[PDB]
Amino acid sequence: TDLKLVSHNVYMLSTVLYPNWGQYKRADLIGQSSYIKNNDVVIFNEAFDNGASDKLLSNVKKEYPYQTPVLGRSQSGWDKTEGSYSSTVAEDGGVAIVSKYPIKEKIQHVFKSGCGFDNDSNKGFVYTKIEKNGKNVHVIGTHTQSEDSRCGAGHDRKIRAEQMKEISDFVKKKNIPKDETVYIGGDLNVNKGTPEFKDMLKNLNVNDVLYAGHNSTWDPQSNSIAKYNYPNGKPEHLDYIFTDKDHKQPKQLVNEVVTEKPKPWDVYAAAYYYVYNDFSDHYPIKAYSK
C-alpha cells in the first residue's frame, strides 16, 4: 500500500480579487507538467478560485479519476463535514485530494483555531481513505495558518500548533488500525531547521523524513512569482508530506522538492507587462520511498 504522492500549493487566488495572476493559464500548465503525473495521490492547496480550480481538477481527472470536493465549498460530496464549517465566509479552504485509486471515505474539517486574514477562510484539512491492492491507506491534506504580519508574533505559531493538534486529534479519534499508513501533507507553514519544526513533529505526531532536490519550497531567489511578491524574501521550506508515527511507516519516506518550470507565460495588464515561468509561488513536493 505505499504511495507516490505530490503536494502542491498552486496559488489559485480569486480571479475577482486578483484578475491577472494567470490562474487559468497555470491550471493548464500544471495539468501539462511532468511532476503532477505518474503519482498515486495529489494534494492541492490554495485552490481558491472556483473556476480556475475546477479547471485544474478537470485537467488531472483522467489520471486521477477519484477526487474530493474543495475543502469548505459546500457540504455536498462529503461523507462528513466537521470543524467550524461556515456557509458565510468568502473563501473556501482551498484543499483538495485526487487519486488514481478509489476513495472509499472523504471527510472535511474546517479548523476551529485561527486569526486574522484566514478568519474569512474555511481553512482546514481533508481526510481520505483510499483502496490500493484491496488494502487501505489514508491521506490527509492541509494548509495551516500563514506567517501573518498582522496577526501576532507569536500568535501565528500558536494558531499553527492548535491546528496541527486538530489533525492529530482527528487521527487518534478515528481509530485507524496501526497496520495502515496515515500520510499528512501540505503547506504546513513551519520552516525547516527552526525551533518550531520540532513542535510540528510533536503536534502532528509524525517522524521526520529524508529530503531531496531543492532546499526551499517558497523561494524568492529562484521562483519568479515568489521573486515578484517578496524580492527581499528569505527562502523557506514550508511544504511537507509526513506519516503518523504510530501507524505503519513507508519503506523509507523521502520528500523531494521539485523545481520543474513551465514554458514562460505572460500577463498583459495593463499598465505593466510581466512574464513568469513558474506554476505557483511554491514548489511542489514529491514523496515516495526508493
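The first residue of the sequence shown is number 1, and the count goes up from there.
Residue range whose averaged C-alpha B-factor is higher in the record, 233 to 241 or 62 to 70 = The entry gives the higher C-alpha B-factor average to 233 to 241.
key: 10 to 18 or 267 to 275, whichever carries the higher mean Cα B-factor   = Between 267 to 275 and 10 to 18, it is 267 to 275.
key: C-alpha B-factor winner, where the candidates are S146, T128, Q163, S216   = Highest C-alpha B-factor among the listed options: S146.
inquiry  = Looking at the C-alpha B-factor values in the deposited entry, which of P195, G77, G124, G186 comes out highest?
reply    = Reading the PDB entry, the winner on C-alpha B-factor is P195.
task = Please rank the C-alpha B-factors of the chain's modelled residues and tell me whether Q221 sits in the lowest, middle or highest third.
result = For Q221, the deposited C-alpha B-factor lands in the highest third.
message = Per the entry's values, where does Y228 land by CA temperature factor relative to the rest of its chain, in the lowest, middle or highest third?
response = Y228: CA B-factor falls in the highest third of its chain.
key: Modelled-residue ranking by C-alpha temperature factor, third containing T142   = Lowest third, going by the recorded CA B-factors of the chain.
task = Could you tell me which third, lowest, middle or highest, the C-alpha B-factor of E180 occupies within its chain?
result = For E180, whose C-alpha B-factor we compare with every modelled residue in the chain, the answer is the lowest third.
ask   = Against its chain's modelled residues, does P102's Cα B factor rank lowest, middle or highest third?
value = Lowest third - that is where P102 ends up once the chain's C-alpha B-factors are sorted.
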